[PDB]
Amino acid sequence: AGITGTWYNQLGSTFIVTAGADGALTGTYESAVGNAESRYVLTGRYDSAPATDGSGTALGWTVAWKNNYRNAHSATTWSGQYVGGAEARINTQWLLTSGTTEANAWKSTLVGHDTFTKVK
Amino acid sequence: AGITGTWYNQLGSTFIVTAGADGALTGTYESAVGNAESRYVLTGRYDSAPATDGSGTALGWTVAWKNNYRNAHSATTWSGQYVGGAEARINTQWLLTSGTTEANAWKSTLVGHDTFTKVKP
Amino acid sequence: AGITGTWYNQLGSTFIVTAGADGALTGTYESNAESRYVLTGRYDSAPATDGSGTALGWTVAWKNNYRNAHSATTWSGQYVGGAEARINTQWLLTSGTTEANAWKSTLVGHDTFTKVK
Amino acid sequence: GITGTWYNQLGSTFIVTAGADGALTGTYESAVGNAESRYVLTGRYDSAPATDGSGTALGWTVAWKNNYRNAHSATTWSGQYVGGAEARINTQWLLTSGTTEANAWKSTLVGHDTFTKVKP
Ligand SMILES: COC(=O)c1cc(C(=O)OC)cc(-c2cc3c(=O)[nH]ccc3o2)c1
Ligand SMILES: COC(=O)c1cc(C(=O)OC)cc(-c2cc3c(=O)[nH]ccc3o2)c1
């Protein structure tokens, strides 16, 4: 699959993931520093039988921003595809939703994009 | 009362979820739209200790659209919040990314919004 | 075309628009003069006649003669005619930020507009 | 500033004028999709940005109809202009097609484009 291992995005975030045989993604998401207060559980899913025509491998995962040290009352989902090779990449778009009151729900969700590589 | 239960979106998709004490979401999703049949595995995360100021509970989950019957070579993530009440609701926005070639990657990702209720609309 | 006129979203905003013969959208977006802003956009002036909606989009930059939020919203969507006509949209709201804060510069959401408030 | 000729990462050409009243006007030539030749664009920008180093917020729309083709669709780009040595406009976009109600769930694509003064 090529997905299991450590990945790094353009802002230094570190994505430590295992791609299980039946489509599970499990691991930890942390900052470049890696201190415990910066580490969070992640879980997701990937296509464990991708096409063989040169297409990428679809995947997604979620981090809720709560750990044993802090709680930002929010969660991010990344949706994207893995592209293999010597310059392997995971190319994603993400949504970060915070818990809000109904009056503030219109501004609950940020959108962005992250690219991950196997090299810092 | 809470996130654990059976939910339906505005199109009649069925979201059967369990919210574990450790912040885990697990369960199955059945889509009313697209190249999909029967149940698919989902996993995700939710805030197990939400704020006490009237705010909703943040959460997210992923389905990869492969099961024993079909494989669409794609995955959806839903990002949103649970809002308690007499008509409990989960309001989400979603991203659906297909595996593509690089030349087709610009059109790889659909976006939308789904609202879920424990009463089927 | 059915687009020209006054529209109301789900949260009390008012969208006043003219759909010109050349594909232009022009008008004002509100929420009193302190809360009114120019909008401009484009729509498909020759949509299909097969039950499909009419694609369109517009932008508001949140500056007027009284206030300036240093931000701008774009709405992308389609007009759906009939007895209960609608403009169904998704939107992106980008703020001007420093580079260090750019990762959190953009909100996303959805607005539904009706011809009755 | 914003007025000039810009190119996205895929080679699309964005020829824009930023007027004194906050107006964006010009033409767009897409490098992808059911598109050919130039299309009209209109939009808006913040004509009095902050003076603290922040970017200038802006947005614009293209409806994909011209004298040669009609894709029955429209794209909006929302983003900010970042001045300096190599000026850049960083955007996210939404591309909605006209659909029936039963197909509306798949009506909207999302992505991100970055524009510079140099061809990629
Ligand atoms: C409310 O968000 C938070 O509390 C929070 C906290 C941390 C943290 O503790 O860094 C150690 C990191 C992020 C974060 C978000 C994010 C994102 O959305 N796309 C790309 C990566 C990424 O990292 C968010
Ligand atoms: C007080 O200034 C305003 O009127 C104002 C200010 C902001 C702001 O502070 O963004 C920095 C945002 C909006 C706004 C409205 C709106 C809408 O109706 N649908 C979609 C998004 C959206 O954003 C309006």
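By the numbers in Swiss-Prot, the shown part of chain B spans 39-159.
Header lists the method as X-ray crystallography, 1.2 Å.
Quick reminder: no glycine exception, Cβ is built from N, Cα and C everywhere.
Here is what Swiss-Prot records for this protein:
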BINDING   B:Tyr67, B:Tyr78, B:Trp116, B:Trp132, B:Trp144  biotin binding site
How big is the biotin site in terms of the longest C-alpha to C-alpha distance among B:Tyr67, B:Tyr78, B:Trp116, B:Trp132, B:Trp144, in angstrom?
27
Look up B:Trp132 (biotin binding site) in the DSSP assignment and report helix, strand or coil.
strand
Under a three-state reading of DSSP, tell me whether B:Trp144 (biotin binding site) is helix, strand or coil.
helix
Can you filter B:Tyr78, B:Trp116, B:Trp132, B:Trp144 (the binding-site residues) down to those whose Cβ is less than 8 Å from some Cβ in chain D?
B:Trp144
Among B:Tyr67, B:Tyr78, B:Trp116, B:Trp132, B:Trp144, the binding-site residues in question, whose Cβ has the most other Cβ atoms within 10 Å in this structure?
B:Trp116
For the binding-site residues B:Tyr67, B:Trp116, B:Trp144, which residues show a Cβ-Cβ distance under 8 Å to chain A?
B:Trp116
Helix, strand or coil by DSSP: which one applies to B:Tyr78 (biotin binding site)?
strand
